[PDB]
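Peer 1: Experimental structure and sequence below.
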Amino acid sequence: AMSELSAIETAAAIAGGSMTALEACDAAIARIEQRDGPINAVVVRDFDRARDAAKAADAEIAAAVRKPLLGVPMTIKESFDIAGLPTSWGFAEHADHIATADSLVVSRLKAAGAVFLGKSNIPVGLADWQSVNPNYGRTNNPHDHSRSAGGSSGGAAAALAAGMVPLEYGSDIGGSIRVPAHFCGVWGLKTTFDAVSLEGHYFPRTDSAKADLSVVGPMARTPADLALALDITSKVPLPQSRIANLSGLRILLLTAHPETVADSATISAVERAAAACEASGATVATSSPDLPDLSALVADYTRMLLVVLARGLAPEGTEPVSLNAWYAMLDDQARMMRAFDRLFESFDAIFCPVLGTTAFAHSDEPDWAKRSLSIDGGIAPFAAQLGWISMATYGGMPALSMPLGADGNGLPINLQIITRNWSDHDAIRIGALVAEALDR
Amino acid sequence: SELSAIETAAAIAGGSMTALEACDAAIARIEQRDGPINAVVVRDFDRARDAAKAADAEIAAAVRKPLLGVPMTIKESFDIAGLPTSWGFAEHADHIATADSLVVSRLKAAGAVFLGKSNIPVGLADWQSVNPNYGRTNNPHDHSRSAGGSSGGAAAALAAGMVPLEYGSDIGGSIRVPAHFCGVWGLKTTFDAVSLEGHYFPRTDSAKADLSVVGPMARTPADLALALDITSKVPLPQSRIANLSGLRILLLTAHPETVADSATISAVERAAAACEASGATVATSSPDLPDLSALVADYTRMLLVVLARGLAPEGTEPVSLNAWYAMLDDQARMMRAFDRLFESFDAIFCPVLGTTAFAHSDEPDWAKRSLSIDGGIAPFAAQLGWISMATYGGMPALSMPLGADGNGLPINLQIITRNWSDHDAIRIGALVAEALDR
């Protein structure tokens, strides 16, 4: 009913003359000041300098200059660097750390003409499926202010779902792009590993970006905005999709995991997307002899994630992992990556839940081991849900989180579409085709 | 002169010759010329003739592939199902691979026929090609000098005209140095742009995840570009450079930690001068050129760790995983320093190595080795600085024929371009050849 312009639609209106870049900037500033009160998503604001960049974009528009995102207002996850703006990752010690240079993703998007109004909220250390920190506060889900907006790119997904900005960009090392888009019912693409540069996504007061597991990708409300943002930010132009329809598509449907569980409403929602593809000409399978050991994957992924997040350091007394043992873990990862290369020889995509349930209620327990989730009235471990996102992060494959529907309480349910490595554009295309199939 | 890889595929698809005829003609050139050279040390001629007969059947079905029926060889470190992969070790001579490597799969899918594999040093750890399993490869321009390493057999087979295409690996110049010694074309690719799946250490599934790259080797720049398009993880950005006019070239004939021949210095200077006459701008210094003396030191400390798999001699303390993560951040800092350098320059022109092909050496320790630079003795291991920038920075580096020294040994030029501009390095190289032939 209530609808906002997409990133491509905004650029088309500015290039045509329906509106100016300053009008689009001021319209988004209005939506932020009007709607971010109960949501607390756009926690870093640079509206004055954003209006100056929109006035410069209209000068280029008047100089007949045309760029794919010229004048389009947007925000980015607070973990990305913007010159003049702070980068804190939620740490109070790092709230006065002001970046001196823009991040690569910001440079790429600015070079396409985008205007950055500010940065979206995050949890402390980007280490939660929530968005809460002592510098900015807590971000609330626009669909139910009592539930989490997700994390670590929760402020990004909440700003999108509330219609404040049409485009965003987040990071993902343990679902931190797919889970926020799942909780807020927006579009988020976990990209292929090493496909987009993490330069500028630095830990505060360093130049260190994660060299393992972590990926940065676009977040939006339309698959076309995701595809344009991917082409603007990738290290090289990635292969465009040649999938024209769902006929002939090979889909592996997974509604269960050896180490975690999913809602009945979640299972029926993912099963409904697969059925919409079968009626559109696709073939869907529920088992494969080439599906890797997901129980070993999640175990090997968790052991690597904790080492990457700890920078190889160990608790006092505990012996650290050796460099030789780390090299052995990378060979274990590459062994799993090829196991998925063989799986993706018989299947075009994996359809599975993003997470086992919808957005959970706000939690003040920092320890994931002291948390639990309600799966159809039952008590389930919280951290075990990392298995739903382990395949794409540990295998490196692109994974799309796209809106599928909502549960009985109105909380969005998203679908995870996993395709083979470097087929990010196929994950976007299959997702757009799933949306068409579900709207018929 | 021999046919190139593209010319061979064009003659097979046109009907000038068949794929079995091209296979048998390359088998003939190998058996006729590899006697004093010893480059094609693993031979699969029987199964190669069966694959050429299958290519001719596809050719007769109007099927057309870019390398359909083209006979070639690959460096012995690459896996081919049914063929051994030993890396020169006697302990690994009976290690037969069960599946083809990724590069071999890509090239076979483009229609290439693999006649065999080219010689290597033990452990791929020398600028020579000699091992107890196959013997020594000799430079086709002077059988007393090294053919290069670690992909020396590949460059020697190309220089002798046996096969039109080859593929090697490079962690310390092992693609550029062999092509430099034999006067052929070799592309050190951008890091992580081509998969090393199948380039496994014998009897493992472990491929180097740092510094090392695999790239094409040929005698024409156009053959390099086709093989790159066939083997890269994704189609890489094609070059839009049409001529040398307007090109920004940083000419480097000196290094803070090593030296170059006077004939080498004049050869690289002659390539740079040919570009100025074609409209290019050439500079001899840049305030944005990183500290090459620190680069080689940080690269050498990382190279030794990668080659040792993090292990340390007894008594010596190993490098910690935390310290390793810091070394990767030190590497990325240097990579961004080159991103700024390549904002003012399109390419770096510098020597591949400080001198031409050296005489066969039996000293395993590089610290006990030396090189003859214009009558003087210069350290051997210090020459790693000529190849350190591209490997440690990740940039693509092309080794292309420039000429020969006074003794007839080839001198090649190293063309370094920015990361992911592999096709620009090939294009600038092809344009350097045109300018020097005028």
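Peer 2: Arrived safely, thanks for sending. Numbers count the residues shown, from 1 in each chain, chains lettered A, B, ... in the order given.
Peer 1: list the contacts for residue A:155?
Peer 2: With contact taken as C-beta atoms under 8 Å, 6 or more residues apart in numbering or on different chains, residue A:155 is in contact with A:40-43, A:77-78, A:119-122, A:131, A:139, A:149. C-beta: built from backbone N, CA, C; applies to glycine.
Peer 1: In terms of distance to residue A:322, which of those residues ranks first?
Peer 2: Among the contacts of residue A:155, residue A:122 lies closest to residue A:322 (C-beta to C-beta), at 32.5 Å.
Peer 1: quick one on the thing from earlier: are any of the contacts of residue A:155 buried, and which?
Peer 2: With burial judged by 16 or more other C-beta atoms under 10 Å in any protein chain shown, the buried subset of the contacts of residue A:155 is A:40-43, A:77-78, A:119-122, A:131, A:139, A:149.
Peer 1: and residue A:58, that's in a helix?
Peer 2: Yes - counting by DSSP: H, G, I helix; E, B strand; the rest coil, residue A:58 is located in a helix.
Peer 1: Any figure for the gap between it and chain B?
Peer 2: 28 Å (C-beta to the nearest C-beta, to the nearest Å).
Peer 1: For that residue, give its distance to residue A:19.
Peer 2: 10 Å (C-beta to C-beta, to the nearest Å).
Peer 1: Likewise for residue A:256?
Peer 2: 48 Å.
Peer 1: Over to residue A:419?
Peer 2: Distance, residue A:419 to residue A:19, by C-beta to C-beta: 36 Å.
Peer 1: quick one: which of the two has more around it?
Peer 2: Per other C-beta atoms under 10 Å in any protein chain shown, whichever of residue A:419 and residue A:19 has more neighbours is residue A:419, with 27 against 16.
Peer 1: I'd say the more buried one and residue A:429 touch.
Peer 2: No - the pair residue A:419 and residue A:429 fails to qualify as a contact (C-beta atoms under 8 Å) at a distance of 9.2 Å.
Peer 1: picking that back up, and which of the buried ones among the contacts of residue A:155 is nearest to residue A:368?
Peer 2: Nearest to residue A:368 among the buried ones among the contacts of residue A:155, with distances taken as C-beta to C-beta, is residue A:131, at 15.4 Å.
Peer 1: How about the contacts made by that closest one?
Peer 2: Per C-beta under 8 Å, 6+ apart, neighbours of residue A:131: A:41, A:121-123, A:138-139, A:148-155, A:158, A:180.
Peer 1: For it, which non-adjacent residue is closest in space?
Peer 2: residue A:154 (3.1 Å; C-beta to C-beta, 6 or more residues apart in numbering or on different chains).
Peer 1: Need the residue closest to the centroid of chain A.
Peer 2: Chain A has residue A:177 as the residue nearest its centroid, 2.2 Å off, counting by C-alpha atoms, centre = their mean.
Peer 1: what residues are up against that one?
Peer 2: A:153, A:170-171, A:188-190, A:215, A:217, A:219, A:401 are the contacts of residue A:177 under C-beta under 8 Å, 6+ apart.
Peer 1: need the contact list for residue A:114.
Peer 2: When contacts are counted by C-beta under 8 Å, 6+ apart, residue A:114 is found next to A:69, A:72-74, A:167.
Peer 1: could those be laid out in CSV, adding secondary structure and distance to chain B?
Peer 2: Shown next, in CSV, are those (DSSP: H, G, I helix; E, B strand; the rest coil; distance: C-beta to the nearest C-beta, whole Å):
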residue, secondary structure, distance to chain B
A:69, coil, 21
A:72, coil, 25
A:73, strand, 28
A:74, strand, 24
A:167, strand, 24
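Peer 1: of all these, which two lie farthest apart?
Peer 2: A:69 and A:73 (9.7 Å).
Peer 1: more neighbours, those two?
Peer 2: Legend: neighbour count by other C-beta under 10 Å for residue A:69 and residue A:73, higher for residue A:73 (33 against 27).
Peer 1: Report the beta-bridge partners for the more buried one.
Peer 2: residue A:115 (DSSP bridges).
Peer 1: Pretty sure it sits against residue A:22.
Peer 2: No - using C-beta under 8 Å, residue A:73 is not in contact with residue A:22, being 9.8 Å away.
Peer 1: what do these two both touch?
Peer 2: Contact criterion C-beta under 8 Å, 6+ apart; residues shared by residue A:73 and residue A:22: residue A:54.
Peer 1: Per the annotation, how does chain A divide into domains?
Peer 2: Here chain A is described, according to automatic domain parsing, as comprising the domains A:7-183, A:250-438.
Peer 1: Out of the ones you listed, which one sits most buried?
Peer 2: Highest mean neighbour count of the domains of chain A: domain A:7-183, a mean of 23 (counted as mean count of other C-beta atoms under 10 Å in any protein chain shown).
Peer 1: ok, back up a step: if we only consider the contacts of residue A:155, which is nearest to chain B?
Peer 2: Closest approach to chain B among these (C-beta to the nearest C-beta): residue A:77, at 20.4 Å.
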